[PDB]
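S.K.: One structure is given below, represented as structure tokens, and several questions about it will come after.
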Amino acid sequence: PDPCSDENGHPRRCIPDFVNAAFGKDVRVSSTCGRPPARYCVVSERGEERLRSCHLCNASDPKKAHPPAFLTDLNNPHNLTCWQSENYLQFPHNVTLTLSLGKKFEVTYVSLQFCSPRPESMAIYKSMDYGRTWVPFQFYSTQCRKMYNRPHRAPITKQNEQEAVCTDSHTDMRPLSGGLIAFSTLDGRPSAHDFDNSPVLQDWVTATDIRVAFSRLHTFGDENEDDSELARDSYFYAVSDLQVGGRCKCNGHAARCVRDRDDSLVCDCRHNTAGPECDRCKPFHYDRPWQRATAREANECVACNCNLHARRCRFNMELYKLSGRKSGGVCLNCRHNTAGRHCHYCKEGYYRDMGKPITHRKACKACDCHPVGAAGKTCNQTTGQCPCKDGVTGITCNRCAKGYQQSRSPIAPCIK
Amino acid sequence: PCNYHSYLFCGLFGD
Amino acid sequence: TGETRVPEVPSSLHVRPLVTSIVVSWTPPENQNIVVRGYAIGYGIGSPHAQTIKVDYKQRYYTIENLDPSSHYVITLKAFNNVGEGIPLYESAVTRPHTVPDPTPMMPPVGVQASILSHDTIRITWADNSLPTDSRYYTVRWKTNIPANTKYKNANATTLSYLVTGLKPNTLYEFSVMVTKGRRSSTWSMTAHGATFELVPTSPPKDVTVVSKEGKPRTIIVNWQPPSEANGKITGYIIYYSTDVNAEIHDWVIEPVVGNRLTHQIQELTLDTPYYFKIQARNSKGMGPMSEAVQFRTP
Ligand SMILES: O=S(=O)(O)OC[C@H]1O[C@@](COS(=O)(=O)O)(O[C@H]2O[C@H](COS(=O)(=O)O)[C@@H](OS(=O)(=O)O)[C@H](OS(=O)(=O)O)[C@H]2OS(=O)(=O)O)[C@@H](OS(=O)(=O)O)[C@@H]1OS(=O)(=O)O
Ligand SMILES: O=S(=O)(O)OC[C@H]1O[C@@](COS(=O)(=O)O)(O[C@H]2O[C@H](COS(=O)(=O)O)[C@@H](OS(=O)(=O)O)[C@H](OS(=O)(=O)O)[C@H]2OS(=O)(=O)O)[C@@H](OS(=O)(=O)O)[C@@H]1OS(=O)(=O)O
Ligand SMILES: O=S(=O)(O)OC[C@H]1O[C@@](COS(=O)(=O)O)(O[C@H]2O[C@H](COS(=O)(=O)O)[C@@H](OS(=O)(=O)O)[C@H](OS(=O)(=O)O)[C@H]2OS(=O)(=O)O)[C@@H](OS(=O)(=O)O)[C@@H]1OS(=O)(=O)O
Ligand SMILES: O=S(=O)(O)OC[C@H]1O[C@@](COS(=O)(=O)O)(O[C@H]2O[C@H](COS(=O)(=O)O)[C@@H](OS(=O)(=O)O)[C@H](OS(=O)(=O)O)[C@H]2OS(=O)(=O)O)[C@@H](OS(=O)(=O)O)[C@@H]1OS(=O)(=O)O
Ligand SMILES: *[C@@H]1O[C@H](CO)[C@@H](O)[C@H](O)[C@H]1NC(C)=O
Ligand SMILES: *[C@@H]1O[C@H](CO)[C@@H](O)[C@H](O)[C@H]1NC(C)=O
Ligand SMILES: *[C@@H]1O[C@H](CO)[C@@H](O)[C@H](O)[C@H]1NC(C)=O
Ligand SMILES: *[C@@H]1O[C@H](CO)[C@@H](O)[C@H](O)[C@H]1NC(C)=O
Ligand SMILES: [Ca+2]
């Protein structure tokens with residue numbers, strides 16, 4: 001049943017399903033009609049003539065209101081529902097929409113379906129932190145230079161793909177209703193084809209919050225005429241559908257994002273990993289340095305082996321380098337009188353008991369080498385023989401050999 | 001013909 | 001049956017990307033109380049908004065045709081009735097690149113022979129059985145194992161022979177040739193090995209280290225390494241040692257050794273005298289150049 005497990009049961013890359021992260025989520029907007037209730041006018045073009053139909057926006061009445069909840073609700077072509085900004089909030093004044101996902105998402109697109117005509121100037125912003133600092137994502141304007149201080153129709157540079165680009169595309173006043181602006185995060189980016197191996201673009205698609213700012217709106221130039229009321233009431237920002245598409249950032253180690261004990265969206269990490277985005281590795285699995293999963297290689301986090309003598313292991317870069325990029329996990333504070341990186345042998349002054357396996361508690365017996373008999377403390381690990389001096393027959397160098405008598409000298413314990 | 005007819009180890013690694 | 005509400009979100013969605021098409025498969029929603037008239041497939045690069053295909057409720061699978069080769073499409077599935085369109089189900093896929101069928105290769109050149117002329121020049125001669133007009137050109141490649149992880153040097157030739165220049169002396173090289181007519185081209189010919197002629201060394205021995213031996217201070221060991229430009233098989237080494245540097249080679253005592261050994265113990269050395277050292281390499285063609293003297297005093 002598990003997508004992380006293969007047909008035999010081997011590890012494989014895990015990707016969460018493609019979702020519209022915006023759907024059903026609360027969006028904070030700067031303006032909404034109805035408080036106090038004001039009149040708005042819908043403009044419609046047919047042939048060479050323009051027609052205007054004026055309606056009222058009442059926040060209290062459900063059929064007359066246009067709340068920010070109408071951006072994120074289900075989009076129905078038969079019954080469209082759009083949010084509407086306050087009348088005539090033209091440049092310098094702007095209308096912004098902040099969306100908080102509350103987790104790192106690998107954004108593929110950011111789309112907006114408009115009820116009113118598309119803006120003359122719009123910008124998409126993202127947040128790496130959970131709303132502290134903002135970095136631009138994409139700009140849309142007639143004058144990229146004068147409005148957003150970016151080159152107009154700039155081609156995507158290989159040198160900086162992590163930079164927001166400005167275009168005059170999708171800014172046209174026509175269609176006056178139903179206009180769409182869909183931003184493709186990996187569009188035109190030269191190394192987008194090799195995304196799995198490109199961390200530069202992997203960071204570019206990452207966002208925790210999305211902010212869309214409407215800076216300048218399209219106008220006919222009739223607002224400055226004798227009658228300002230009728231004209232200024234027919235210019236506003238209205239959006240029916242806001243879609244932020246993309247998968248949950250889990251670095252290829254999770255198939256789904258689940259809400260935890262503190263009601264926070266987190267990846268359900270696999271391949272022996274842990275973290276909100278599976279960026280780090282589960283304790284006692286530091287045998288290999290952390291690496292993001294690819295299509296060909298699963299890049300699972302390798303478990304430590306201490307032969308059940310140590311509870312904590314640490315990663316050594318030098319040992320990983322000396323192993324030829326194979327393993328670098330060294331066990332910490334080896335118990336039951338054992339030593340070594342993988343805690344596989346008995347420490348100096350101890351020997352292995354052959355009757356019981358290495359995983360057992362009593363795997364290493366004490367090597368009781370005589371202080372005057374034996375030369376050294378460290379003995380034979382497989383047989384349990386102390387390094388005897390003057391050919392001592394003792395197992396722990398305790399008894400003199402045949403014909404040999406015990407001596408007063410500490411250098412020569414037995415004399416023939 | 002050209003072949004040999006206990007092995008001792010020697011190691012060297014930097015700090 | 002039930003048109004009082006908008007259809008429920010579909011249960012499953014599965015894509016299968018091909019070279020120019022995407023096989024889409026789905027399953028209707030779990031709830032049957034709300035009637036469903038059909039399915040709406042929404043595809044496109046980056047966003048699913050590009051194009052929309054509406055199908056009947058009976059349909060369970062659909063292959064999206066006429067697509068770009070290596071593009072990343074986002075497919076969206078909606079369940080629709082008379083009241084409207086339901087909650088969408090999203091999935092993304094990257095189409096497989098357009099594979100071009102490879103041409104049937106040509107016959108490679110035969111009779112490839114390496115003829116060593118000098119220490120830096122080897123001429124390569126090859127034949128062609130295909131030749132009984134054409135604009136076919138031959139390509140030559142060569143590589144030495146030192147330095148490590150180096151690549152083959154390529155050179156184009158229109159005639160049946162090529163003169164290789166800029167080679168190192170006394171070093172084994174591998175040679176092979178290929179024929180290229182156009183989109184059709186033959187693989188590399190049988191590897192022919194050519195070893196360059198030996199030459200007089202052009203570089204002196206590097207890393208000259210002199211140190212006082214612990215035990216018998218009257219004896220001091222000299223350590224040297226072979227030079228980079230050996231230009232052949234080294235047969236011997238000449239060590240020079242004297243108290244004065246300004247004096248010519250004729251004044252300095254000659255101490256030659258064997259080539260297979262890079263160490264030599266010097267016995268009976270004078271006390272409170274500053275010793276200077278110079279080492280040279282021996283070859284079949286000539287002798288290695290002189291090296292810079294090193295300072296070492298005795299107590
Ligand atoms: O000039 S009017 O007679 O249209 O005066 C405005 C009031 O008309 C409504 C009700 O329609 S009416 O009975 O024909 O007058 O208009 C609004 O609703 C209709 C649909 O009719 S229905 O009776 O509610 O079922 C919409 O028409 S249509 O788009 O379906 O063709 C109107 O849309 S529009 O003005 O043509 O763009 C719609 O008008 S509005 O967007 O609300 O302004 C009443 O509105 S209602 O309460 O929402 O139904 C108006 O009365 S009100 O007291 O000002 O609210
Ligand atoms: O018309 S505006 O008042 O909006 O100002 C025009 C400014 O655009 C430039 C370049 O802007 S910027 O590089 O982004 O700062 O026009 C010049 O560059 C663009 C882009 O270059 S390129 O050749 O396309 O790669 C050219 O546009 S385009 O042809 O590519 O579409 C301009 O050529 S053209 O007028 O469109 O035919 C090009 O103008 S020019 O041939 O260099 O004269 C700036 O011009 S520039 O400073 O002379 O390079 C203008 O900025 S300025 O401060 O008003 O000078
Ligand atoms: O040029 S090489 O093909 O030999 O590769 C060396 C480049 O690898 C980096 C980073 O690449 S990464 O590992 O993919 O993130 O350095 C690091 O990796 C190598 C492994 O190379 S190997 O051929 O597989 O063995 C380590 O070298 S080694 O100890 O295994 O010989 C590096 O160790 S060290 O810096 O030499 O001490 C290791 O560096 S580090 O632990 O990340 O610091 C690149 O180095 S980097 O730019 O400093 O990160 C190497 O690129 S380079 O252009 O050769 O400088
Ligand atoms: O339609 S067919 O009758 O021709 O059947 C083809 C089915 O085989 C797959 C899956 O094979 S499997 O995952 O090995 O079980 O084809 C793919 O086969 C391997 C994947 O191997 S791997 O071990 O999972 O890595 C890949 O080829 S290769 O690159 O290793 O040479 C291809 O997948 S991928 O491009 O890496 O994603 C793919 O081969 S295809 O190149 O010609 O065959 C299934 O294709 S798939 O849906 O695209 O993954 C086919 O399954 S199906 O049920 O018939 O649809
Ligand atoms: C419509 O607006 C008026 C403004 O005075 C308000 O009193 C009224 O309650 C609103 N309509 C509804 C149904 O709430
Ligand atoms: C239909 O559209 C109107 C627009 O004001 C909205 O009040 C209503 O809730 C919509 N109904 C559904 C089911 O979306
Ligand atoms: C929008 O207006 C606010 C002030 O209301 C300002 O801080 C911001 O810089 C303006 N521009 C954008 C693109 O948000
Ligand atoms: C050989 O000729 C081809 C075609 O002109 C060219 O692509 C290639 O680089 C040439 N190689 C050399 C070393 O001249
Ligand atoms: Ca809506």
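Every chain in the structure tokens has a letter given in the order shown (A, B, ...), and although residue numbers restart at 1 in each chain, ligands are simply numbered from 1 in the order shown.
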Within 8 Å of ligand 6, counting only C-alpha atoms and all ligand atoms: which residues, as JSON, numbers by chain?
M.R.: {"A": [62, 63, 64, 65, 66, 73, 74, 75, 76, 79, 80, 81, 82], "C": [5, 6]}
S.K.: Check every protein, DNA and RNA residue against ligand 2, keep those with an atom at most 10 Å away (counting only C-alpha atoms and all ligand atoms), and present them as a ChimeraX atom specification.
M.R.: /A:142-146,149-155
S.K.: Would you mind exporting the chosen residues as a CSV table (one decimal), in the first residue's frame, restricted to C-alpha atoms?
M.R.:
chain,number,residue,atom,x,y,z
A,142,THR,CA,3.3,47.9,-19.3
A,143,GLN,CA,6.3,49.9,-18.0
A,144,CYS,CA,8.5,47.4,-16.1
A,145,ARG,CA,11.2,50.1,-15.8
A,146,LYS,CA,9.1,53.0,-14.5
A,149,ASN,CA,12.5,48.8,-11.6
A,150,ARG,CA,13.1,45.7,-13.8
A,151,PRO,CA,13.9,45.3,-17.6
A,152,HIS,CA,10.9,45.0,-19.9
A,153,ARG,CA,10.7,41.5,-21.6
A,154,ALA,CA,14.0,40.4,-20.0
A,155,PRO,CA,15.2,36.9,-21.1
S.K.: Quick one: pull the distance between atom CA of residue A:301 and atom CA of residue A:255, Å, one decimal.
M.R.: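 Going from atom CA of residue A:301 over to atom CA of residue A:255, I get 16.3 Å.
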S.K.: Name all residues at most 7 Å from stretch 161-178 of chain A (count only C-alpha atoms; drop same-chain ones fewer than 5 positions away) and give them as number ranges by chain.
M.R.: A: 113-120, 136-142, 144, 150-154, 156, 189, 200-201, 204, 218
S.K.: Given a cut-off of 12 Å, which residues of chain A touch chain B, counting only C-alpha atoms, written out as a PyMOL selection string?
M.R.: chain A and resi 318-319+321-322
S.K.: Given a cut-off of 8 Å, what residues near ligand 4 show up using only C-alpha atoms and all ligand atoms, put as an MDAnalysis selection string?
M.R.: (chainID A and resid 295:296) or (chainID C and resid 16:18 96)
S.K.: What does the list of residues within 10 Å of ligand 8 look like if you count only C-alpha atoms and all ligand atoms, written as a list in words?
M.R.: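 My answer, listing the contacting residues, is residues 137, 138, 139, 140, 141, 153, 154, 155, 156, 157, 180 and 182 of chain C.
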S.K.: Report as a ChimeraX atom specification which protein, DNA and RNA residues come within 9 Å of ligand 7, using only C-alpha atoms and all ligand atoms.
M.R.: /A:30,92-96,122-125,148,211-215
S.K.: Write to file, as an mmCIF file, in the first residue's frame, the residues of the selection just made, with N, CA and C atoms.
M.R.:
data_model
loop_
_atom_site.group_PDB
_atom_site.id
_atom_site.type_symbol
_atom_site.label_atom_id
_atom_site.label_comp_id
_atom_site.auth_asym_id
_atom_site.auth_seq_id
_atom_site.Cartn_x
_atom_site.Cartn_y
_atom_site.Cartn_z
ATOM 1 N N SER A 30 -6.289 44.036 1.647
ATOM 2 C CA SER A 30 -6.254 45.418 2.124
ATOM 3 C C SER A 30 -7.605 46.127 2.018
ATOM 4 N N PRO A 92 -0.601 56.027 -6.444
ATOM 5 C CA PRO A 92 0.303 55.162 -5.653
ATOM 6 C C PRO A 92 -0.347 54.078 -4.801
ATOM 7 N N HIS A 93 -1.625 54.265 -4.404
ATOM 8 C CA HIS A 93 -2.375 53.317 -3.569
ATOM 9 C C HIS A 93 -2.439 51.941 -4.225
ATOM 10 N N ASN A 94 -2.284 50.874 -3.427
ATOM 11 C CA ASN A 94 -2.323 49.505 -3.941
ATOM 12 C C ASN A 94 -3.271 48.596 -3.158
ATOM 13 N N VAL A 95 -3.595 47.428 -3.738
ATOM 14 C CA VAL A 95 -4.451 46.411 -3.128
ATOM 15 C C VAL A 95 -3.644 45.110 -3.105
ATOM 16 N N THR A 96 -3.363 44.583 -1.899
ATOM 17 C CA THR A 96 -2.556 43.369 -1.712
ATOM 18 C C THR A 96 -3.356 42.189 -1.162
ATOM 19 N N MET A 122 0.866 44.499 -11.730
ATOM 20 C CA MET A 122 0.682 43.453 -10.723
ATOM 21 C C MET A 122 2.035 42.802 -10.431
ATOM 22 N N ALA A 123 2.229 42.318 -9.189
ATOM 23 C CA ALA A 123 3.456 41.636 -8.775
ATOM 24 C C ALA A 123 3.184 40.490 -7.810
ATOM 25 N N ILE A 124 3.925 39.387 -7.978
ATOM 26 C CA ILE A 124 3.841 38.197 -7.131
ATOM 27 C C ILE A 124 5.084 38.159 -6.242
ATOM 28 N N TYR A 125 4.868 37.981 -4.936
ATOM 29 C CA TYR A 125 5.891 37.939 -3.899
ATOM 30 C C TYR A 125 5.794 36.644 -3.115
ATOM 31 N N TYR A 148 8.208 48.839 -11.729
ATOM 32 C CA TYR A 148 8.833 47.832 -10.874
ATOM 33 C C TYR A 148 10.372 47.770 -10.903
ATOM 34 N N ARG A 211 2.191 36.492 -1.697
ATOM 35 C CA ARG A 211 1.560 37.812 -1.666
ATOM 36 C C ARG A 211 1.456 38.366 -3.080
ATOM 37 N N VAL A 212 0.242 38.730 -3.511
ATOM 38 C CA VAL A 212 0.018 39.327 -4.829
ATOM 39 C C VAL A 212 -0.416 40.771 -4.609
ATOM 40 N N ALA A 213 0.353 41.723 -5.153
ATOM 41 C CA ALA A 213 0.066 43.147 -5.014
ATOM 42 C C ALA A 213 -0.367 43.752 -6.338
ATOM 43 N N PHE A 214 -1.573 44.342 -6.367
ATOM 44 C CA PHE A 214 -2.129 45.019 -7.539
ATOM 45 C C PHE A 214 -1.760 46.492 -7.385
ATOM 46 N N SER A 215 -0.806 46.981 -8.200
ATOM 47 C CA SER A 215 -0.305 48.350 -8.075
ATOM 48 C C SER A 215 -1.045 49.390 -8.929
#
S.K.: Using only C-alpha atoms, which of the listed residues (C:119, C:278, C:218, C:181) sits closest to residue C:292?
M.R.: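 For residue C:292, the nearest of the given residues is C:278.
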S.K.: Would you give me, as CSV, each residue of chain A having an atom within 7 Å of an atom of chain C, along with its shortest atom pair and that distance in Å to one decimal, using only C-alpha atoms and sorting by chain and residue number?
M.R.:
residue,atom,partner,partner_atom,distance
A:17,CA,C:91,CA,6.8
A:18,CA,C:91,CA,5.1
A:19,CA,C:90,CA,5.9
A:74,CA,C:87,CA,6.6
A:76,CA,C:85,CA,5.6
A:77,CA,C:84,CA,6.7
A:78,CA,C:84,CA,5.5
A:108,CA,C:46,CA,6.2
A:109,CA,C:47,CA,5.9
A:182,CA,C:47,CA,6.7
A:184,CA,C:46,CA,5.0
S.K.: Please measure the separation of atom CA of residue A:357 and atom CA of residue A:302, giving the value in Å to one decimal.
M.R.: 23.7 Å
S.K.: Write out as a PDB file with C-alpha atoms, in the first residue's frame each polymer residue (protein, DNA or RNA) that has an atom no more than 12 Å from ligand 5, with only C-alpha atoms and all ligand atoms counted.
M.R.:
ATOM      1  CA  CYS A  33     -16.546  46.868  -0.647  1.00  0.00           C
ATOM      2  CA  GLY A  34     -19.565  47.061   1.695  1.00  0.00           C
ATOM      3  CA  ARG A  35     -18.081  48.794   4.788  1.00  0.00           C
ATOM      4  CA  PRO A  36     -19.565  51.428   4.269  1.00  0.00           C
ATOM      5  CA  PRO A  37     -21.827  50.135   1.388  1.00  0.00           C
ATOM      6  CA  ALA A  38     -20.816  51.768  -1.929  1.00  0.00           C
ATOM      7  CA  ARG A  39     -21.882  51.620  -5.621  1.00  0.00           C
ATOM      8  CA  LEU A  56     -24.382  47.899  -5.101  1.00  0.00           C
ATOM      9  CA  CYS A  57     -21.880  46.103  -2.816  1.00  0.00           C
ATOM     10  CA  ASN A  58     -23.435  45.314   0.618  1.00  0.00           C
ATOM     11  CA  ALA A  59     -21.099  43.352   2.988  1.00  0.00           C
ATOM     12  CA  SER A  60     -24.043  42.261   5.226  1.00  0.00           C
ATOM     13  CA  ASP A  61     -26.198  40.763   2.388  1.00  0.00           C
ATOM     14  CA  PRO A  62     -24.738  37.369   1.197  1.00  0.00           C
ATOM     15  CA  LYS A  63     -25.912  37.851  -2.433  1.00  0.00           C
ATOM     16  CA  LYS A  64     -24.482  41.434  -2.596  1.00  0.00           C
ATOM     17  CA  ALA A  65     -21.196  40.867  -0.652  1.00  0.00           C
TER      18      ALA A  65
END
S.K.: Compute the set of protein, DNA and RNA residues whose minimum atom distance to ligand 3 is at most 7 Å, using only C-alpha atoms and all ligand atoms, and state it as an MDAnalysis selection string.
M.R.: chainID A and resid 317 321 324:325
S.K.: I need the residue nearest ligand 9 from this list: A:50, A:392, A:97, A:69. Use only C-alpha atoms and all ligand atoms for the distance.
M.R.: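 Smallest separation from ligand 9 among the options: A:69.
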S.K.: Could you give me, as a list in words, each residue of stretch 133-221 of chain A that DSSP assigns to helix (DSSP H, G or I) when run on this structure's backbone?
M.R.: residues 144, 145, 146, 147, 148, 192, 193, 194, 195, 196, 197, 199, 200, 201, 202, 203 and 204 of chain A
S.K.: When you count only C-alpha atoms and all ligand atoms, which of these residues is closest to ligand 9: A:14, A:281, A:239, A:27?
M.R.: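 Ranked by minimum distance to ligand 9, first place goes to A:239.
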S.K.: Please provide as a PyMOL selection string all residues within 7 Å of residue A:20, with the sequence filter that same-chain residues fewer than 3 positions apart are discarded (counting only C-alpha atoms).
M.R.: chain A and resi 23+243-246
S.K.: Could you please write out, as number ranges by chain, every residue of stretch 11-178 of chain A that DSSP assigns to strand (DSSP E or B)?
M.R.: A: 11, 14, 19-20, 27-29, 38-46, 49-57, 83-84, 95-114, 121-127, 135-141, 152, 166-167
S.K.: What does the distance from atom CA of residue A:305 to atom CA of residue A:12 come to in Å, to one decimal?
M.R.: 22.4 Å
S.K.: Would you pick out the contacts of residue A:287 at 9 Å or less, using only C-alpha atoms, so that residues sharing its chain but fewer than 4 positions from it are not included, and give the list as a ChimeraX atom specification?
M.R.: /A:301-305,313-316,320,326-330
S.K.: Put those residues in a file: N, CA, C and O atoms, as a tab-separated table (two decimals), in the first residue's frame.
M.R.:
chain	number	residue	atom	x	y	z
A	301	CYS	N	18.47	7.28	4.28
A	301	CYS	CA	19.40	7.57	5.36
A	301	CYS	C	19.85	6.27	6.04
A	301	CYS	O	19.03	5.55	6.61
A	302	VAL	N	21.15	5.94	5.91
A	302	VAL	CA	21.78	4.70	6.39
A	302	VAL	C	21.88	4.65	7.92
A	302	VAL	O	22.40	5.57	8.55
A	303	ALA	N	21.40	3.54	8.51
A	303	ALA	CA	21.40	3.28	9.94
A	303	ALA	C	22.79	2.92	10.46
A	303	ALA	O	23.55	2.24	9.77
A	304	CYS	N	23.09	3.35	11.70
A	304	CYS	CA	24.36	3.06	12.39
A	304	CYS	C	24.33	1.62	12.91
A	304	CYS	O	23.26	1.08	13.17
A	305	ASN	N	25.52	1.02	13.08
A	305	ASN	CA	25.67	-0.32	13.63
A	305	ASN	C	26.67	-0.28	14.78
A	305	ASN	O	27.85	-0.01	14.56
A	313	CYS	N	25.32	7.47	17.97
A	313	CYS	CA	26.39	7.44	16.97
A	313	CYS	C	26.57	8.84	16.34
A	313	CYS	O	25.62	9.62	16.31
A	314	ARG	N	27.79	9.15	15.88
A	314	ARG	CA	28.12	10.44	15.27
A	314	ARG	C	28.77	10.26	13.90
A	314	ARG	O	29.44	9.26	13.66
A	315	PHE	N	28.57	11.24	12.99
A	315	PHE	CA	29.15	11.20	11.65
A	315	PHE	C	30.54	11.83	11.63
A	315	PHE	O	30.71	12.96	12.10
A	316	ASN	N	31.51	11.12	11.06
A	316	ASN	CA	32.88	11.58	10.90
A	316	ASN	C	33.16	11.75	9.41
A	316	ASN	O	33.05	10.79	8.65
A	320	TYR	N	34.54	8.99	6.54
A	320	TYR	CA	33.71	8.84	5.35
A	320	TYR	C	34.58	9.04	4.11
A	320	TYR	O	34.36	8.37	3.09
A	326	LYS	N	31.72	5.71	1.38
A	326	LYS	CA	30.88	4.55	1.67
A	326	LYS	C	30.13	4.73	3.00
A	326	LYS	O	28.90	4.86	2.98
A	327	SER	N	30.86	4.75	4.13
A	327	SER	CA	30.30	4.89	5.47
A	327	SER	C	31.21	5.77	6.34
A	327	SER	O	32.43	5.72	6.19
A	328	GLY	N	30.60	6.54	7.24
A	328	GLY	CA	31.33	7.43	8.14
A	328	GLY	C	30.76	7.55	9.54
A	328	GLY	O	31.09	8.49	10.26
A	329	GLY	N	29.91	6.59	9.92
A	329	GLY	CA	29.28	6.57	11.23
A	329	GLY	C	30.10	5.90	12.31
A	329	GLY	O	30.34	4.69	12.25
A	330	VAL	N	30.53	6.69	13.31
A	330	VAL	CA	31.32	6.23	14.46
A	330	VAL	C	30.46	6.29	15.74
A	330	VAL	O	29.92	7.34	16.07
